[PDB]
**Student:** 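Below you'll find the structure I mean.
Residues: numbered from 1 along the sequence shown. Because only heavy atoms are used, hydrogens play no part in the values below, and waters and symmetry mates are left out as well, while side chains stay in.
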Amino acid sequence: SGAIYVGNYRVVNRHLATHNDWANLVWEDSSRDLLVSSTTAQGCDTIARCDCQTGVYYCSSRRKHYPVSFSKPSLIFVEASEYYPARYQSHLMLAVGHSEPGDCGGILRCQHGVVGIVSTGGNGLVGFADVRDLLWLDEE
Ligand SMILES: NC(=O)[C@H]1CCC(=O)N(Cc2cccc3c2OCO3)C1
Ligand SMILES: [Zn+2]
């Protein structure tokens, strides 16, 4: 689990969105595994606006924050799971690191702010859904 709170927006994995998130839906994309809902209170996170390929992510299944090198956002094939059949997921960045399903929502950050959240894993890899292209998260 995990979310990003920026301005009056809440960013979560689409597969973990609640009934309140869907009732207060701003934007969602199944192919990215992302959902953004509106909030009443102001958030304190800053979204990175950069092309960084190094950062740190939180892994709940190890209670540890790991430094990683990660690939640029791309279209990657993702095996079937409890929440989606086998498909290509867009805007996905991979790194060599530990990840389990319940780790989804863990933040990846660089020196500029939040880069994305854990969304995939397996075979010693961890995948993150990028949020740096969602420029509208910074305003209105
Ligand atoms: N974005 C998606 O398609 C996710 C939907 C929910 C889900 O359980 N996964 C599988 C998964 C995630 C993280 C870590 C893993 C993993 O399987 C093994 O380790 C993929
Ligand atoms: Zn950066």
**Student:** Let me see the working for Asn8 and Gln42 under side-chain contact (heavy atoms from CB on, under 4.5 Å), right down to the final yes or no.
**Tutor:** CA-CA 5 Å; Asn8 285 280; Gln42 283 265 299; 2.8 Å; yes

**Student:** With a 4.5 Å cut-off on side-chain heavy-atom distances among I, L, V, M, F, W and Y, is there a chain of contacts connecting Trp136 to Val6?
**Tutor:**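 Yes, it is one cluster - the side chains of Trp136 and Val6 are joined through contacts under 4.5 Å.
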
**Student:** Please lay out, stage by stage, how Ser119 and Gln89 fare under the test side-chain hydrogen bond (donor to acceptor under 3.5 Å, both in side chains).
**Tutor:** CA-CA 10 Å; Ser119 177; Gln89 179 157 322; 2.9 Å; yes

**Student:** Can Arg14 and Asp29 be counted as an ion pair, charged N to O under 4.0 angstrom?
**Tutor:**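 So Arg14 does not pair with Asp29 through a salt bridge.
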
**Student:** Quick check for you: to the nearest 0.5 Å, what is the distance between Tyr5 atom OH and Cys44 atom SG?
**Tutor:**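 Here the rounded value is 11.5 Å.
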
**Student:** Could you state whether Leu125 and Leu108 fall into the same hydrophobic cluster, counting links through intermediate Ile, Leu, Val, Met, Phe, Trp or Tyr residues with side-chain heavy atoms under 4.5 angstrom apart?
**Tutor:**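 Looking at the clustering, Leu108 is in a separate group from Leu125.
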
**Student:** Look only at the side chain of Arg32 and the backbone of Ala129, and say whether a donor-acceptor pair between them is shorter than 3.5 Å.
**Tutor:**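 Flag not set: sc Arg32 to bb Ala129 has no pair under 3.5 Å.
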
**Student:** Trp27, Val12: one ILVMFWY side-chain cluster at the under-4.5 Å cut-off?
**Tutor:**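 Per the 4.5 Å side-chain linkage, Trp27 and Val12 are not co-clustered.
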
**Student:** Would you call the rings of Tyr84 and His15 parallel, tilted or perpendicular, taking 30° and 60° as the class edges?
**Tutor:**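 It falls in the perpendicular class, over 60°.
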
**Student:** Ignoring hydrogens and geometry, is there a side-chain-to-backbone donor-acceptor pair from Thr39 to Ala41 under 3.5 Å?
**Tutor:**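 Yes, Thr39 side chain to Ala41 backbone: donor-acceptor pair under 3.5 Å.
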
**Student:** Determine whether a donor-acceptor pair (N or O, by modelled atom type, separation under 3.5 Å) exists between the side chain of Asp103 and the backbone of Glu100.
**Tutor:**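 Checked: pair present.
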
**Student:** Determine whether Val126 and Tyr83 fall in the same hydrophobic cluster, where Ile, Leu, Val, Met, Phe, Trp and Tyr are linked whenever their side-chain heavy atoms lie under 4.5 Å apart.
**Tutor:**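 No, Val126 does not connect to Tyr83 through the hydrophobic network.
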
**Student:** Could you tell me which non-hydrogen atom of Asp45 sits nearest to which non-hydrogen atom of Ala3, and how far apart they are?
**Tutor:**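 Minimum heavy-atom contact is OD2-O, 4.4 Å.
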
**Student:** Quick one: pull up OG in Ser74 and NE2 in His91 and give me the separation to the nearest 0.5 Å.
**Tutor:**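 Reported value, rounded in 0.5 Å steps: 10.0 Å.
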
**Student:** Is there side-chain contact between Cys50 and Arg132, with heavy atoms separated by less than 4.5 Å?
**Tutor:**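 In short, these two side chains touch, coming nearer than 4.5 Å.
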
**Student:** Can you tell if the side chain of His19 reaches within under 4.5 Å of the side chain of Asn24, non-hydrogen atoms only?
**Tutor:**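 A side-chain contact under 4.5 Å is absent here.
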
**Student:** So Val78 and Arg87, side-chain contact (heavy atoms from CB on, under 4.5 Å) or not? Walk me through it.
**Tutor:** CA-CA 6 Å; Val78 176; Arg87 79 214 204 285; 4.2 Å; yes

**Student:** Compare every heavy atom of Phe77 with every heavy atom of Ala86, then report the nearest pair and how far apart it is.
**Tutor:**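 Smallest interatomic distance, heavy atoms only, reads CB-CZ, 3.7 Å.
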
**Student:** Passes side-chain contact (heavy atoms from CB on, under 4.5 Å), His65 versus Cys59? Steps please.
**Tutor:** CA-CA 6 Å; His65 297 259; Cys59 174; over 6 Å; no

**Student:** Looking only at side chains, do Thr54 and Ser69 share a donor and an acceptor under 3.5 Å apart?
**Tutor:**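 Note: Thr54 and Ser69 side chains miss the donor-acceptor criterion.
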
**Student:** Less than 4.5 Å apart, side chain to side chain, heavy atoms only: is that true for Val131 and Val115?
**Tutor:**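 No, every pair of side-chain atoms sits at 4.5 Å or beyond.
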
**Student:** Any chance you could measure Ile47, atom CD1, to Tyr9, atom OH, to the nearest 0.5 Å?
**Tutor:**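 One finds 11.5 Å between CD1 of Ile47 and OH of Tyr9.
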
**Student:** Verify, without hydrogens or angle tests, whether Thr18 (side chain) and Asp21 (backbone) share a donor-acceptor contact under 3.5 angstrom.
**Tutor:**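 Answer holds: yes.
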
**Student:** What are the two closest non-hydrogen atoms of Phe70 and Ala95, and how far apart are they?
**Tutor:**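 In terms of heavy atoms, the two residues are closest at CB-CB, 4.1 Å.
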
**Student:** Got a salt bridge between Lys72 and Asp130, using NZ or NE/NH1/NH2 to carboxylate O under 4.0 Å?
**Tutor:**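 No, this pair does not count.
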
**Student:** Atom CD in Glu28, atom OG in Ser30: separation rounded to 0.5 Å?
**Tutor:**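 Reported to 0.5 Å precision, the distance equals 7.0 Å.
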
**Student:** Determine whether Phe128 and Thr120 make a side-chain contact, defined as any pair of heavy atoms from C-beta on separated by less than 4.5 Å.
**Tutor:**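 Heavy-atom side-chain distance check fails, nothing below 4.5 Å.
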
**Student:** Are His98 and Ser61 close enough that some pair of their side-chain heavy atoms sits under 4.5 Å apart?
**Tutor:**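 In short, these two side chains touch, coming nearer than 4.5 Å.
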
**Student:** Is it the case that the side chain of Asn13 and the backbone of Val118 share a donor-acceptor pair, with hydrogens and angles ignored and the cut-off at 3.5 Å?
**Tutor:**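 Here the side-chain-to-backbone pair exists.
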
**Student:** Do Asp33 and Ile117 have side chains that get closer than 4.5 Å, going by heavy atoms?
**Tutor:**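 No, every pair of side-chain atoms sits at 4.5 Å or beyond.
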
**Student:** Find out whether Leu75 and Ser90 are in side-chain contact, i.e. whether some heavy atom of one side chain is under 4.5 Å from a heavy atom of the other.
**Tutor:**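 Yes; the side chains approach each other to less than 4.5 Å.
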
**Student:** Say you draw a straight line from CG of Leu94 to OG of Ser99; how long is it, rounded to the nearest 0.5 Å?
**Tutor:**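 The CG atom of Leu94 sits 10.5 Å away from the OG atom of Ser99.
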
**Student:** Does the side-chain contact (heavy atoms from CB on, under 4.5 Å) test come out yes or no for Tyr58 and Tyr66, once each step is laid out?
**Tutor:** CA-CA 7 Å; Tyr58 178 61; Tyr66 291 105; over 6 Å; no

**Student:** Any side-chain heavy atom of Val68 within less than 4.5 Å of one from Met93?
**Tutor:**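 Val68 vs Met93: side chains apart.
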
**Student:** Tell me whether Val26 shares a hydrophobic cluster with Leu137, the cluster being built from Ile, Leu, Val, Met, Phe, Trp, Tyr side chains joined at under 4.5 Å.
**Tutor:**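 Yes, because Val26 and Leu137 connect within a single hydrophobic cluster, where side-chain heavy atoms sit under 4.5 Å apart.
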
